[PDB]
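Take a look at the structure below.
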Amino acid sequence: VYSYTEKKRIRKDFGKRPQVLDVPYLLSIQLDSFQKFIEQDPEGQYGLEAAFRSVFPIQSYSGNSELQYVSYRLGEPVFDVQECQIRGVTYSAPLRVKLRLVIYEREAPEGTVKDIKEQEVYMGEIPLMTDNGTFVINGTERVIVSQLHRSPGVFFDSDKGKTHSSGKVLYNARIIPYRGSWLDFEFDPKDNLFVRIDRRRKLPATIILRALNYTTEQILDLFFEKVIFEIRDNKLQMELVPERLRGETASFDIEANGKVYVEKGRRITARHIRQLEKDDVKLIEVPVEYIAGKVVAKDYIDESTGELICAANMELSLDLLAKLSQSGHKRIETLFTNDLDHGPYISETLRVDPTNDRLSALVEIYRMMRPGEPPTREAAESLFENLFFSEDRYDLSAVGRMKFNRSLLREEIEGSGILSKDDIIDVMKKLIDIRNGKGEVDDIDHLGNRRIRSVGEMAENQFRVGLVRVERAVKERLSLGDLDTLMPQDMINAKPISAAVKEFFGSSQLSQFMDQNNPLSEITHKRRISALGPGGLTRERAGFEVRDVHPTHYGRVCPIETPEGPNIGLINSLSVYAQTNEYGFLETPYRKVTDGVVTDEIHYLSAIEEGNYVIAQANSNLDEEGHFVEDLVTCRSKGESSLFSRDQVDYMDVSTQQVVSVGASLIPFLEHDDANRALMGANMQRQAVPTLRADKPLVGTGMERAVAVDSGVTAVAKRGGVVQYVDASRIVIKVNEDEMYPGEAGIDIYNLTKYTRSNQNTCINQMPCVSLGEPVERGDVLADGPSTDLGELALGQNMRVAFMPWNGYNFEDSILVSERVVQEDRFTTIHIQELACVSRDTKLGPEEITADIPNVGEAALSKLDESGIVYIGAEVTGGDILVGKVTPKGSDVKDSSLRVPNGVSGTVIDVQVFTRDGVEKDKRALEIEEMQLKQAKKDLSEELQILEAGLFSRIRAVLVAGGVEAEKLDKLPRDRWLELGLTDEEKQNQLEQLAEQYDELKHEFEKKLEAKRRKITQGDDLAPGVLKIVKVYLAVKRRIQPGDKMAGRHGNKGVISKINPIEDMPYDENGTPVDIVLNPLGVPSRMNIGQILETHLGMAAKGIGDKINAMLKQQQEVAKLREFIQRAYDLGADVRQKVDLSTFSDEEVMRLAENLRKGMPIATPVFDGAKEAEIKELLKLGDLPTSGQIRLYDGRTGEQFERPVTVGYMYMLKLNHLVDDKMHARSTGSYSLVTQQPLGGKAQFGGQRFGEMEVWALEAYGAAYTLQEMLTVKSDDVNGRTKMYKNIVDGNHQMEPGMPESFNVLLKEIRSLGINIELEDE
Amino acid sequence: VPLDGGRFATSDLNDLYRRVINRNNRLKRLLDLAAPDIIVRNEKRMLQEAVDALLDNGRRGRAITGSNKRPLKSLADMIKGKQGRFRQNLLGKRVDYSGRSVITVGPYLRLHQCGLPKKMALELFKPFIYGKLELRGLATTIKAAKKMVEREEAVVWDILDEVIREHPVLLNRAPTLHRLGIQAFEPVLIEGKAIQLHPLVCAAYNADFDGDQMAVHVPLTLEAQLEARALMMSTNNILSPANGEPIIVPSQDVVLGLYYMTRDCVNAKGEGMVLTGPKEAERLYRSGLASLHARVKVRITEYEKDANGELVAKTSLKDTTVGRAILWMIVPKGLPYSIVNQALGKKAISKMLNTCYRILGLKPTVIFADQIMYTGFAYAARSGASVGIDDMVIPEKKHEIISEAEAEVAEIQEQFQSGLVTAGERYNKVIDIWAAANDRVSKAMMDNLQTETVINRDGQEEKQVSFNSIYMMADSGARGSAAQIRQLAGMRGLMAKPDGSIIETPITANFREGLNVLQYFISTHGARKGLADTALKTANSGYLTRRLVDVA
DNA sequence: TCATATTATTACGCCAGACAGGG
DNA sequence: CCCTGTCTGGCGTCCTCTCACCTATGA
RNA sequence: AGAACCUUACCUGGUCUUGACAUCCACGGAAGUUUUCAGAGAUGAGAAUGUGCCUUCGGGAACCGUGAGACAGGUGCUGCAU
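In structure tokens:
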């Protein structure tokens, strides 16, 4: 079964693997994020409720008043989106917050407040999101791009080689909070442990332990295990668990139980450890040279004399043993400092530490953090207890606590946001374990360690900044609060929240201007994952590995769609199937594989889960049950693509598109292209201009439908049904009854956006693709947008291309084009330019909008009215006048009248004017007022009458259970109608019900039309300051010409060189010329062989189209057409499509065959595409030669090209790098102010920067005079250039050079220091 | 200066000077009032820091800022840096009488001239046109002439063709690295908006035609016109200054046209007939009685200059082809016939132009470079040398080679399950057998491409080098190598992960067969590393050229 | 409108060049 | 006193094109 | 390039005064169509028909009627103001 615009032109779909999961809605990142930001979500997470439950209730410092929260709301926007783009306002909503002030008496923590007050106060306006994922910030339509940043939680990084210049590795460990202070631990090459906070000075790390109220003995209890020396019969024996001897040299005689176990000299092996454990060896008598290097663990004091023997962490000598042995401390605890495993890093750090107690530790930390200003007990304790341990200024989020517990192998995943003692101690322990050998480092490119911020998270963080500023303001006003004479807007202020949130949505590194020239380009700028932005890395610094593709990108980030240039691999684009995790990570779908049978259930994984499992490949042959048909299958285990068994796998890839994105999965035959040319192909495919006549890629991938629907450029039907099709203004859809609400009778009226300006000066235009009285279903398309054709996606157009050298005109990458391409207007794109004119009151009175243009004669008053301004429409070019806008006293008049820029033509399509309340002459301003005034009422009544007509009929329709008398129901016409009684049995109050409808309709229409006139009757609506505001919309129509840039989908760039006549083209023996000749020499080097298979398969597609065009032109009854269409849709191997063609009612075959006579469209999906034998077999169904190559004659000489050439249909696109936006020349005009050199650019009429390497190139020749005029006369020296212009126009090519002006500018800037630079003797 | 509006966008130095003067006025008033010691110490210290911030901002602790957090630019920051006065306004300047547009080919040109559009030509040559108009007497004042060319009447185009004629222009591609990136041409006017640039000259500019742009500059004075004609003309730059190699070497289409022209096949039309000169060789090719490559005894007259500047004619019968005689009609007098008797790839045509320059000098080498380019384009057009899907011949031996390698990795992993061998020796044995299987697949496809054609002549079969399209694009040296044609037919090797170590499972599928998903992802590792390397390598290359031309 | 005058983030990679520390 | 980690400054590609956004205060 | 009436601007009487000719509101009536007696006639008084284009019904555009004025009107003078 198919929908009704699916039976229009059903694309022949190759593809063997049955898809199990359909493509998700391609704009779901932006929409789900911003729907999380604004939503009334009780339990607080996440959203605006999290912000209000963090900041509220505010209580002041015992001020006995506590403003609390109830509920918030967003009212209607005062401007809908279209008139918002026209006017220039933000597309925002007012944020109505209920606030409840309660005020206490004296001594009321528990006492009832003395008075309350509560109101729906107004703070800020937040910009809402348009239904397509965009904002409208100041008239322009902008997009917030999702950031990719390091997750909160601990990271164990190495930096193995570069420091110390000695090959000794370090190991640092960064505890990155979501909000607050950064804490880093790091080794130094003396093997000492150092802490630093916020990249400040370096403190030896155990001082932070001494800041957490840990004595030295507790620290040594933590990071070291005790070795027990017992004072015994002789020589102070040792408890020895045999694990501690692993891998060391036996220094002494190892004997016990009257038996010599291990002698001196040999290293202790694990067999000797087994001997000591089997022989149960713990207590052995040591020599005195064994204890002479060890370190004591805890303190010991001489008991009788009452003083100290040794401090904790002290190495031992023999006389120290003579001190402690004679006192009476029988147990001696020593620190086991294994040189292999258990290193003495904490102990040597304690030897570096200049502190001894907690208080000096806090004083040293306070002298680190805030220097100069003194370190007192209260100040240092408040500093360190609010560094990490308070809920205000340090907060690992839920993501941070999950990563923090996961990297430390904790069991739980939810905990408190602040740190604790045990967390810092665990980070130090894991860092020490990594130094010892056990456990390993983390990498930063691993996408399980890399979170995504999106629109709702970033706007929520900015909103929380605004709320903490307004709570500091509320704490300010409340302690100065006098009661009861204030209500909660003398306390609260709508200014900082609105200021912060407009600061982010206006001027941020991620709220950026939408690339809008293409449905692809909109939908792939909204799905963008940037590494840049605040808190992330920069373009000009880093690096090599963060610009590189890591094995966790499989199915999360597109490997091949990243922009070439200064930021490669920072501006990654998101994959097709990849959602976003609850915590913000990238989870991608996989198919759960319990046993041999691959189950059709899906299950989402992130990269910290994808490593543990074994995940199969998308294309591994499985037949009829899910069993892998091989006994071994390529999978990947832990980022390593390897071959595993038939029955080990736990997951399989869902579909074979899922590695790449929606820009580079529209490229058919992707798997045959090179990676570089697929990158260049996707990046150019974003840049296509919408042509005037949209044309359906013959070789597509089938993802055109989802991109053209999911990007909101087409008018997808909301509720299904039929159609009324007024359409000149709007599509009117009557709704079928099942999808139709009981009240609100209701028919859907779709607004078509006709010719208007895009963000890239292209033309966004919608055209209805459904006729009158034609069924449409829910989700079906109704109006084709820019670059769409019946709901598909038509960026460029499909043309007949020959691969051959043709007389040098396609030399390096150039492209030689027939005249049949430029006669048919099949690339003639439409550009629209907005031009503003304002008459601001700079000085010496205000400027004026009058045609009475001066000095200039009967060449001003022409394309305008008698009162000034361009008169609309017209064939305006360059140097014309659009808006007469000149002042007197500025015989002292001038010409600021905004004219048409140099080189452009066009037609004035629209003139907008919300000017300084006065623009009118004696009456046009109020003349049109009456026109709109009468317009509103007309439609207002019309619509009512339209429904009235439907209701009147409905009244009679229902008039059967309560008066069906046809001759007794046609009484009053426009007066009343139904007048019958009923009583009970069946409910027929319908008449009464519909009576209310009409009654309310007229009653509401009056009010509806009452406000209409009110709105109509007005000067105009805009902001203040600016006075004369005239915007004129030209529309140039640019065709194609020698110098434009065209390109296919594979990376084959080209500058169209010669626009040949039709005759000189290479025609085949049938007679048709070829349209575009490309060059075969690009194909062996640039290894993008996919354009040839697109060429052959498009040739086969148009072969079927020519065959259907013959069978339908030379008209046959529909049996032969349905037989040939059925053969065309069966065609070859096992596919997914076949068709159910004998259910197309003998007319839907014919409408399909009317839409196929330009070529049968073929879906070649991304990595499961059409094989070559099917291309040959399809070329045999059409009557074309199997090789794909036709013999071609030459249009010049009439004689055959030897060795037959390739002709086919490639889908070639026109990129928006047009040659009459690049052509520029300058002889003489205006310059800058500071310098005497020419200005730069094209919009400024400026000259070429003759840069540094061109000066070196002229020095490389003997061009001393060319360089002398190149930097003195042509550029800078003012006397030289005026003398040169007069010398040229006299006929004397001679320069009088002088000295450059910018060098005298250099002399004054150097001399304006204390520097006396001069110019010496003659 | 104020920007468009009603406020003044003030410079940073005005903030610096205004603060120094505010503080200096405060300090004079405090020394008037006899404030105590600590007040005037803070006041003089704030003046010291204000002066030190004016002169070189930010050399002291954190730099002052006006709007918003960005520091404001001081005098030393008007001198130093990439955007000071030296590197931005004194070494490189913006320049009048200059233009810029997208380039395109135009192969009809001679190599001393380039195409230049009429609109750019009328804008760059406004003063010369004014001077010419004032000389004739058509107008009087300068205004009249500016109205005439603002209207563009019918008489200023003859004025423009009379100011162009012998006046060179400097074409310049935007990343100029060596001196061959600024060359002077003579304009030929173009209906259009794109600079037509002679193709051979493109190999000097590193200019393809994928969207490139070039700037035109006009030598105004008379010494500069003579420097453009006598030093910087494109006929004068035919050897690269880095070495002795010619830089006007024929690049890509023209070597394919020559390699298809001067070649041979073991049977064609007119095999082994005898011809009385190269003129009737071209007459037999055009009328349709012989083929472009058909071996034939001709009678050619080569001029060897064995005396002291005297050209001696020797005429003989060379066993050659038809195409070699047709190309002999274009060779100048002094070169011997054996310069065209071979197959003429790219190295051979480069040494053809080099021997022509060493023997016959400059002017025959310029006119012979043009005739090479014209005949290469013409017979490459007549060749019809396409590229198809059938041209990339898969080796029949490729699948058995892959199965023998799969049996070998199976033996090595069965030893790995039983622990006989070490892990590093296993990884080394797997990389060694996949390198050996890769070389065997490349030799299978290279035999299957280099001698695939086997055509008989009057009897039993006889083999020859192939006329496969991708093989002529590889063997000619036009575009392609062994590695690229290897990756289109044989397996594309063992791609390496970004760790730097190689991956033990190769990409056994070429591009004519489809790559599956994992193989394309490993390929994207290998290609993303290359794009990142070029886009970061170019900065160090440019900074190296800067340090070198400033030490020189 | 017309003088008043500066604070609560961190996440480059060498590579010279100068400086306090210690055998 | 001669090695020495450590800290501080000083580099980091040319040319071009499009768009938007610009200090608070205040009797 | 045509005075019986008309034309006609002149005389004699009989008459009109926002007017024969226009625009504007206010508000009375659809315009108009037919017919009657007195009078030199201008005009001053009667009998028959119609309600069309559109109304949250304070009403409208064509065409008569009345009053207010703003104005209309002048073949009145100056061809020595033009």
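Heads up: the sequence lines are chains AA and AE, in that order. According to the deposited numbering, the stretch in the first sequence is residues 2 to 891, 911 to 1342, in order. Heads up, the second sequence is in the deposited numbering, so the first residue is 253 and it goes up one at a time. Even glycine gets a Cβ: it sits at the ideal position worked out from N, Cα and C.
Contact note: AA/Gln1209 reaches chain AE through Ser638 and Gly640, using a C-beta cutoff of 7 Å and chain order. Shown in chain order are the members of the region 344-375 of chain AE whose Cβ falls below 9 Å from a Cβ of chain AA: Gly344, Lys345, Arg346, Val347, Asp348, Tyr349, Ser350, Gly351, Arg352, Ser353, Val354, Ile355, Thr356, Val357, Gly358, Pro359, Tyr360, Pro369, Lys371, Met372, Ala373, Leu374 and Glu375. If you check the CB distance, AE/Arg278 and AA/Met1243 do not come in under 9 Å. Pairing AA/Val818 with AA/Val871 gives a Cβ-Cβ distance that is not under 9 Å.
Look at the region 564-614 of chain AA and you find these whole runs of alpha helix (DSSP H), each 4 residues long or longer: 608-611. Comparing alpha carbon positions, the residue from AE/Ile754, AE/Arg339 and AE/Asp710 closest to AE/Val682 is AE/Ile754. For a Cβ distance threshold of 8 Å, nothing in chain AE lies close to AA/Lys719: the least Cβ distance comes to about 37 Å. For the C-beta of AE/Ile434, the chain AA residues within less than 7 Å are, from N- to C-terminus, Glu1274, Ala1277 and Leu1278.
Note on the region 1227-1296 of chain AA: whole alpha helix (DSSP H) runs with a minimum of 4 residues are 1272-1280 and 1285-1288, in chain order. Residue-level contact by beta carbon fails for AA/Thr1092 and chain AE, as no gap is shorter than 9 Å. A contact is defined here as three or more CB-CB pairs under 8 Å, and the region 612-629 of chain AA fails this definition with respect to the region 685-692 of chain AA.
Contact between AA/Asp424 and AA/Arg180 fails: their C-beta atoms lie close to 16 Å from each other, not under 8 Å.
Note on geometry: alpha-carbon atoms of AE/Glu658 and AA/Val650 lie some 22 Å from one another. Ranked by how close their Cα comes to the Cα of AE/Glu756, the residues AE/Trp686, AE/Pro750, AE/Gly766 and AE/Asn762 have AE/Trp686 in first place. Looking from the CA of AA/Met1119, the closest CA among AA/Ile1060, AA/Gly1208 and AA/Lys844 belongs to AA/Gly1208.
It is roughly 23 Å from the alpha-carbon of AA/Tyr73 to the alpha-carbon of AA/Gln31.
A straight-line Cα-Cα distance of about 17 Å links AA/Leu979 and AA/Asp995. Contact between AA/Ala271 and AA/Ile366 does not hold, since the beta-carbon distance rounds to 45 Å and is not under 8 Å.
About 6 Å separates the beta carbons of AA/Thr657 and AA/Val1186, which is inside the 8 Å limit, making them a contact pair. Proximity of AA/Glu1222 to chain AE, defined by a Cβ-Cβ separation below 9 Å, is satisfied. For AA/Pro355, there is no enclosing beta strand (DSSP E), as DSSP gives it neither H nor E.
The DSSP assignment places complete beta strand (DSSP E) segments of no fewer than 3 residues inside the region 462-498 of chain AE at 465-469, in order along the chain.
DSSP, reduced to helix, strand and coil, places AE/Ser590 within a helical segment of the structure shown.
Secondary structure note for AA/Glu126: it is in no alpha helix (DSSP H), and the uninterrupted beta strand (DSSP E) holding it is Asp116 to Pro128. Using a 10 angstroms sphere on the CB of AA/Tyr1285, the tally of other CB atoms reaches 16 or more, which defines it as buried. AE/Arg798 belongs to the set of residues whose beta carbon lies under 9 Å from a beta carbon in chain AA. Rounded to the nearest whole angstrom, the C-alpha separation of AA/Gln1264 and AE/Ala436 is 27 Å.
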